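Student: Protein chains in written order, with the authors' numbering: chain H, 1 to 221; chain A, 1 to 124; chain L, 1 to 214; chain E, 333 to 518. Encoded as structure tokens, here's the structure I'll be asking about.
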Amino acid sequence: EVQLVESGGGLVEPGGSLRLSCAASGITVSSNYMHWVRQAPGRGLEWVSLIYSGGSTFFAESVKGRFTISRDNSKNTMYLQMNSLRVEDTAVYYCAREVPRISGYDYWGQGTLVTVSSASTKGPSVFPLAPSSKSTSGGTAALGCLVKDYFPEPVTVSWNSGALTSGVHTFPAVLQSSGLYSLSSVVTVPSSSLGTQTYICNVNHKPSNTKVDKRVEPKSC
Amino acid sequence: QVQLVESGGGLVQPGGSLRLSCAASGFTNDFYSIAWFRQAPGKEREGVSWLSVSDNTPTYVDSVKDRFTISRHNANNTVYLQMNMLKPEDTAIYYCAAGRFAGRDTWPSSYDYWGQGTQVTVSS
Amino acid sequence: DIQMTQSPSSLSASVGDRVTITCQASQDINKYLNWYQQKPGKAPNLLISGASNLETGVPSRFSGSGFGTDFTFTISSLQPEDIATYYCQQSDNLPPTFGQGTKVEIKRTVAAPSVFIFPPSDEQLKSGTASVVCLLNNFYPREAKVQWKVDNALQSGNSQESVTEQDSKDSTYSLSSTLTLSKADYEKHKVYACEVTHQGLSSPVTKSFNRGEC
Amino acid sequence: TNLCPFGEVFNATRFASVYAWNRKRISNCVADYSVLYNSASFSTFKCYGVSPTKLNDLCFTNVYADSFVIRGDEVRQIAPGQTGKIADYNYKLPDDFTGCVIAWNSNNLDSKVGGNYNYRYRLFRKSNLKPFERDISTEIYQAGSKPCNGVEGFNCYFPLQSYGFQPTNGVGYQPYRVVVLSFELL
Ligand SMILES: *[C@@H]1O[C@H](CO)[C@@H](O)[C@H](O)[C@H]1NC(C)=O
Numbered sequence: 001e002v003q004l005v006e007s008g009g010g011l012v013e014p015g016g017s018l019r020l021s022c023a024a025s026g027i028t029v030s031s032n033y034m035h036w037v038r039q040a041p042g043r044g045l046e047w048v049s050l051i052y053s054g055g056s057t058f059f060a061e062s063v064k065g066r067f068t069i070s071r072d073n074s075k076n077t078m079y080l081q082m083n084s085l086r087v088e089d090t091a092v093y094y095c096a097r098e099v100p101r102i103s104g105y106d107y108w109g110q111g112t113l114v115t116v117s118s119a120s121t122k123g124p125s126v127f128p129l130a131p132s133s134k135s136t137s138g139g140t141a142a143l144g145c146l147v148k149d150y151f152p153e154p155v156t157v158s159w160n161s162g163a164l165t166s167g168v169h170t171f172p173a174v175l176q177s178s179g180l181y182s183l184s185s186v187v188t189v190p191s192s193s194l195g196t197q198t199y200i201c202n203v204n205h206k207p208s209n210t211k212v213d214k215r216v217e218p219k220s221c
Numbered sequence: 001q002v003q004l005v006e007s008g009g010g011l012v013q014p015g016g017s018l019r020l021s022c023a024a025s026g027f028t029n030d031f032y033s034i035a036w037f038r039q040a041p042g043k044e045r046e047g048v049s050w051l052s053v054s055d056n057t058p059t060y061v062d063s064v065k066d067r068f069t070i071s072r073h074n075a076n077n078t079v080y081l082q083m084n085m086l087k088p089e090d091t092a093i094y095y096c097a098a099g100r101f102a103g104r105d106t107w108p109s110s111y112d113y114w115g116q117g118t119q120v121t122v123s124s
Numbered sequence: 001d002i003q004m005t006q007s008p009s010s011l012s013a014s015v016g017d018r019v020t021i022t023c024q025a026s027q028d029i030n031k032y033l034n035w036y037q038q039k040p041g042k043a044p045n046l047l048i049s050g051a052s053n054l055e056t057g058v059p060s061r062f063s064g065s066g067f068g069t070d071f072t073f074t075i076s077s078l079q080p081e082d083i084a085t086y087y088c089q090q091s092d093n094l095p096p097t098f099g100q101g102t103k104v105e106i107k108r109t110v111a112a113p114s115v116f117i118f119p120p121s122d123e124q125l126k127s128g129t130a131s132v133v134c135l136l137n138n139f140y141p142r143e144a145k146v147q148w149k150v151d152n153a154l155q156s157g158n159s160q161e162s163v164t165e166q167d168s169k170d171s172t173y174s175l176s177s178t179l180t181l182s183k184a185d186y187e188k189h190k191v192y193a194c195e196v197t198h199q200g201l202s203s204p205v206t207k208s209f210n211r212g213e214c
Numbered sequence: 333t334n335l336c337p338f339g340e341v342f343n344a345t346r347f348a349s350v351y352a353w354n355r356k357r358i359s360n361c362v363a364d365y366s367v368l369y370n371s372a373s374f375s376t377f378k379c380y381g382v383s384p385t386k387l388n389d390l391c392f393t394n395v396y397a398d399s400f401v402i403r404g405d406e407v408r409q410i411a412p413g414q415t416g417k418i419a420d421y422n423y424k425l426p427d428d429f430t431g432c433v434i435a436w437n438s439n440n441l442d443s444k445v446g447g448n449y450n451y452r453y454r455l456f457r458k459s460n461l462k463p464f465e466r467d468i469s470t471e472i473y474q475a476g477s478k479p480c481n482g483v484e485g486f487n488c489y490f491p492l493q494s495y496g497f498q499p500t501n502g503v504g505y506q507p508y509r510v511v512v513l514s515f516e517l518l
């Protein structure tokens, strides 16, 4: 299968350095025009760099002199070495293969998130959003988990270990005034199952090795 | 370091004259070339006169051929552009550029050293 | 550098409508303009290359045209799976640059939101903080107003909203508003309420609870 | 003594494609190199390691006139120390080049309505050319892990591509004729 996979993105302090990888399958990294393209949160795409199969490299003016490109042909991998990182370098970084002139950037990886910040890692607290009558409408009831106060992005949330996918809304995180992200993940289920079905959210914050299972029951008073 | 100090612009009437100057500093040797570009309102940078220093040879475009004169004084390391019989077409922002070669080029991407140009306006 | 001017920055069209997106280059770029689709959280997908090449596997409702400085991207018949942000990109002039993007949403009939409110959990109150969540589920259009009231005092500057991307199936949105106070502050007041104003609501809907009550 | 056959080079009716760049080897002949530099026909005239007017006062044996067609925004690559598709994969000058790069717009000759596609360049190559190397091979370029077996397809591209010279192209995409004079200095 033809694939690009980026890794290595994470939290780094301003003025620090970090190395990203772009591991390919099917495409031979060292035989192709390979690009790095980044996207700041909520912003548009911005080209970062390019390496020719023959080794010539080109870099955007914002990163010129701080970024370099390496290739490991035996691992079919391209590396982006990032030095003297700035806050405004914070983005999702993609690698992409271009077939110039006759095609476009036809393969991209899923992206890897780089966060340049002085803030330290903190794992989330997970709190139930209990279902109730005030959560019940039209035969359905809403319940969820409040994934509060974590840094950096991202978290992942599933319900009943993936068995419950229909009706799940995991809202995009928002950065609170404290500098910590917060998010809710809610699911609407039939009210008939509130007293008889078990609902558990599975929260995973890999930057802090925090895995939390939280059971969400209706509130008794 | 390489730096192009530029001056001599101003407002003039049609038919008048104006003497531009480009003072180069930071060249180890005389092996470099000076060019004069002008950027009309909305138009691109366009060379009009050239001077390879190491052989002291000028070159001009046909439009300014008998009206402009480019020369160099070796004492102060300054290139001059004598613009006689100025016309309203000559109204542009004039730049001087330098490249690490002996010769001339019409492509701006061949010169790595520029001066932030002086304004030249010709009207009545 | 070459600046790409992409218009409009966002548009809203019904299913089956024709969508036209322009991209204009600051300098001549011959035919070397590409078009991409990006769904939220996903990598971009190449749709058009070389101004008009329909790329491998891309549905024939996508097309592009143009040469020199003026280029056009068309979706001949907008589909629900087309909800995305679209970008042009000039490829053959260093540095390769992108348009600002065009966010494409889908017009559908008006749908009022279901509003639910969640008091803080006992777990959180033991930590010294109270978060009250107000949930607006499956509505259209996206514009909605959530006003928090605390003993009928309007709350400003201690809440935050988050909206989901438009659903690929029913073309609706969902919104969460979270009101955060300290435990001591939360114990000062009795009635916590969110008041929702939305086009599908003839009059604003209020969901509320009293602190310390079933 | 005898004057160099520079007319056969500059005024040649047809020019080579840059990947198959033509080279003319001329003995130590005499030529008014000062008149060449002052010819208004030449929009690009850049010399390295030597001044245009002092070319006759050089100690060398053979002079080479390499010549070919590229597009206008590619003329910057015909110079010592450059990178890009032309300098990397088509025509490479050494860092210590001694000689001159001459170029001029040939839109009136090498462009055709509906496009002239006769001129080509190498778009894919595994490694960079050495200075003054010429590669005219046409093996299918393998961009992936599967062998092509002489069949073009996905990840299997013909290594040469045509320029598309139309009269109405912007000047960066118009054809330019290039002559490079180098000197076998003693
Ligand atoms: C090319 O031909 C023109 C016209 O016949 C002539 O003036 C010019 O000198 C020739 N160039 C060379 C290098 O011989």
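Every residue gets a Cβ at the ideal spot worked out from N, C-alpha and C, and that includes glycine.
For residue 404 of chain E, decide whether its Cβ has a neighbour in chain L, counting only Cβ atoms nearer than 8 Å.
Tutor: no
Student: Can you tell me the Cα-Cα spacing of residue 294 of chain E and residue 415 of chain E, whole angstroms?
Tutor: Residue 294 of chain E lies beyond the stretch modelled for chain E, which goes from 333 to 518, so this question has no answer here.
Student: Considering residue 193 of chain L, what are the terminal residues of the alpha helix (DSSP H) in which it resides?
Tutor: No alpha helix (DSSP H) holds residue 193 of chain L; the beta strand (DSSP E) holding it covers 191 to 198.
Student: Would you list, in sequence order, the uninterrupted beta strand (DSSP E) runs of no fewer than 3 residues that lie entirely inside the region 55 to 85 of chain H?
Tutor: Segments of the beta strand (DSSP E) lying fully in the region 55 to 85 of chain H: 57 to 59, 67 to 72 and 77 to 82.
Student: Residue 53 of chain L touches chain E at which residues, Cβ-Cβ below 8 Å?
Tutor: Near residue 53 of chain L there are no residues of chain E at all, since even the closest Cβ is about 14 Å away, more than 8 Å.
Student: Can you tell me where the alpha helix (DSSP H) holding residue 342 of chain E begins and where it ends?
Tutor: 339 to 342
Student: Sorry if obvious, but does the Cβ on residue 536 of chain E come closer than 7 Å to a heavy atom of ligand 1?
Tutor: An answer regarding residue 536 of chain E cannot be provided, because it is not within the stretch 333 to 518 covered by chain E.
Student: I'd like the list of long-range same chain contacts for residue 17 of chain H, defined as Cβ closer than 8 Å, with 5 residues on each side in sequence excluded.
Tutor: 81, 82, 83, 84 and 85
Student: For residue 152 of chain H, is the classification buried or exposed, using 16 other Cβ atoms within 10 angstroms of its Cβ as the cut-off for buried?
Tutor: buried
Student: For residue 348 of chain E, report the span of its beta strand (DSSP E) as first-last.
Tutor: First-last for residue 348 of chain E: undefined, no H or E at that position.
Student: With DSSP collapsed to three states, give me the class of residue 117 of chain L.
Tutor: strand
Student: Does residue 157 of chain L get closer than 8 Å to chain E when you measure Cβ to Cβ?
Tutor: no
Student: Here's the rule I'm using: 16 or more other beta-carbon atoms within 10 Å means buried, otherwise exposed. How should residue 73 of chain A be labelled?
Tutor: exposed
Student: When you compare the region 16 to 34 of chain A with the region 96 to 112 of chain A, are there three or more beta-carbon pairs, one atom per stretch, that lie closer than 8 Å?
Tutor: yes
Student: Assign residue 424 of chain E to one of two classes, buried (16 or more other C-beta atoms within 10 Å of its C-beta) or exposed (fewer than that).
Tutor: buried
Student: By the DSSP assignment, the alpha helix (DSSP H) with residue 215 of chain L in it spans what residues?
Tutor: Nothing can be reported for residue 215 of chain L: it is not among the residues displayed for chain L, which extend from 1 to 214.
Student: Here's a check: name, in chain order, each residue in its chain whose Cβ is nearer than 7 Å to the Cβ of residue 14 of chain H, leaving out the five neighbours to either side.
Tutor: 85, 86, 87, 116 and 118
Student: When you compare only the Cα positions, how much space is there between residue 211 of chain L and residue 130 of chain L?
Tutor: 11 Å
Student: Is the CB of residue 446 of chain E under 8 Å away from at least one CB in chain L?
Tutor: no
Student: Would you say residue 21 of chain L reaches chain H, if we count a Cβ-Cβ gap shorter than 8 Å as a contact?
Tutor: no
Student: Note down the Cα distance separating residue 58 of chain A from residue 432 of chain E, rounded to an integer number of angstroms.
Tutor: The straight-line gap separating the alpha-carbon atoms of residue 58 of chain A and residue 432 of chain E is approximately 17 Å.
Student: Are at least three pairs of beta-carbons, each pair with one atom in the region 2 to 20 of chain L and one in the region 74 to 92 of chain L, less than 8 Å apart?
Tutor: yes
Student: What's the C-alpha gap between residue 185 of chain H and residue 127 of chain H?
Tutor: 11 Å
Student: Considering residue 184 of chain H, what are the terminal residues of the beta strand (DSSP E) in which it resides?
Tutor: Its beta strand (DSSP E) spans residues 181 to 190.
Student: Is the Cβ-Cβ distance between residue 208 of chain H and residue 122 of chain H less than 8 Å?
Tutor: yes
Student: What's the call for residue 495 of chain E, buried or exposed, on a 16-neighbour Cβ count within 10 Å?
Tutor: buried
Student: What residues from chain L crowd round residue 453 of chain E, counting only those whose CB sits closer than 7 Å?
Tutor: None at all; the shortest Cβ gap to chain L is about 13 Å.
Student: Could you name the residues of the region 423 to 437 of chain E whose beta carbon sits closer than 9 Å to any beta carbon of chain L, in the order they occur along the chain?
Tutor: none
Student: For a quick check, are the C-beta atoms of residue 64 of chain L and residue 48 of chain L less than 8 Å apart?
Tutor: yes
Student: Would you list, in sequence order, the uninterrupted alpha helix (DSSP H) runs of no fewer than 4 residues that lie entirely inside the region 144 to 211 of chain L?
Tutor: If we require 4 residues or more, the alpha helix (DSSP H) runs fully inside the region 144 to 211 of chain L come out as 183 to 186.
Student: With a threshold of 7 Å on Cβ separation, who are the neighbours of residue 210 of chain H within its own chain once the five nearest residues in sequence on each side are excluded?
Tutor: Counting only Cβ-Cβ distances below 7 Å, and skipping sequence neighbours, we find 123 and 124.
Student: Let me check you understand the geometry: is the CB of residue 343 of chain E closer than 7 Å to at least one non-hydrogen atom of ligand 1?
Tutor: yes
Student: Between residue 374 of chain E and ligand 1, is the CB less than 7 Å from at least one heavy atom?
Tutor: no
Student: Give me the DSSP bridge partner(s) of residue 100 of chain A.
Tutor: Partner(s): none; residue 100 of chain A has no beta bridge.
Student: Is it the case that the region 37 to 53 of chain H contacts the region 501 to 516 of chain E, given that we only count it when at least three CB pairs across the two stretches are under 8 Å?
Tutor: no
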